[PDB]
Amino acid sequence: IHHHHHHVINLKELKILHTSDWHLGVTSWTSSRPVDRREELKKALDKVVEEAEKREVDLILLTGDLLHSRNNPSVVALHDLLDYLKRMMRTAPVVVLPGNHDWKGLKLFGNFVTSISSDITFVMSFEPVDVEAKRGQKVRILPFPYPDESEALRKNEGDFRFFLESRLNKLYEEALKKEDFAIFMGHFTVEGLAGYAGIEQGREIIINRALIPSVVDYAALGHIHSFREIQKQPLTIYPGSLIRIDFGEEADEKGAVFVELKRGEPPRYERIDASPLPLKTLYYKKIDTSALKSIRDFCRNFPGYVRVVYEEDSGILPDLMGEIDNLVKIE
């Protein structure tokens, strides 16, 4: 046949796959028992990609931290990224909103790649971009990346906040000039999140959810590891990551989201579960004979990774990480 976009008259529906926060390249628990997450992660992504193909989505949105390493991603990590980007592009046009990147290689790459292809678009600034979806639908993208110099501008909280708000107002106005659909994409922490917020060791951008341009058909967010449905109008969602990165994500649901839009109807979505490996934390006062029994018994047939937390030493610990290959941390 052909392998370009279709052009359907008066089509007022849009099918979206939104995934985020891949963290390609991650090795977890390096201080206790390093575990390369690559194999588990690629399984999840395959599942997401296969779902996309089955649902014949029209557009694929990628937000958040696709690479784990801020400034120095490994070659393997890069190769997996570009590999998965190609696979999606074979399914549907892809729009990518990069996370908090350091290396300048990305911006030149993203622009060049966007200039030469009609199936991937990198949105690296605050400028809106119109894109064409799989069946010819015109989609206006309103991007909200991490601001480059303003976080380091050291401008007071007041002026910085006003900068952000004025940026959102601009996006609001640009969304009103929409042909067909408009989608917001952002990479920041929604104000008053509980409890994926209050994360440390990273410079944070807090945005009140009311300030997300209310006239968009969908608000695709990334940066947060847990799936959250922030609000219904405009439908605003963090997909979450695809694997449980660390033990604070034990109780999380991981996957991507499928979203359907129809002009005269309200937006509907289904979660696509990545069904990643489970995590479990076991708690004890001391590692006594009872605790050893409990640990050994639990880990025995548990398919995922296990952390043990305890308060006090009480003699020489047996080589538990030896007998139990599942146990990745005893602090």
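Start at 1 and count along the sequence shown; that's the residue number. By rigid core we mean the largest C-alpha set that fits within 1.5 Å across both forms.
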* Structure fact -> In terms of RMS C-alpha distance in 7 other deposited structures of this protein following rigid core superposition, 155-163 and 229-237 differ, and the farther one is 155-163
* Asked: Which stretch is less alike in 7 other deposited structures of this protein, 294-302 or 42-50, counting RMS CA distance after the rigid core is superposed?
  -> 294-302
* Asked: Comparing 282-290 with 38-46, where is the mean C-alpha B-factor higher?
  -> 282-290
* Mean C-alpha B-factor comparison - 22-30 and 63-71, higher one -> 63-71
* Structure fact -> Residue set 114, 137, 150, 226, per-entry CA B-factor max assigned to 150
* Asked: With respect to the C-alpha temperature factors reported in the PDB entry, which of 160, 122, 218, 144 ranks highest?
  -> 160
* Structure fact -> Of the three thirds of the chain ranked by Cα temperature factor, residue 182 occupies the lowest
* Asked: In terms of the CA temperature factor given in the entry, to which third of its chain does residue 1 belong: lowest, middle or highest?
  -> highest
* Structure fact -> Here the Cα B-factor of residue 239, set against its chain, lands in the third termed lowest
* **Third of the chain, ranked by Cα B-factor, where residue 174 sits** => highest
* Can you tell me which third, lowest, middle or highest, the CA B-factor of residue 102 falls into for its chain? -> highest
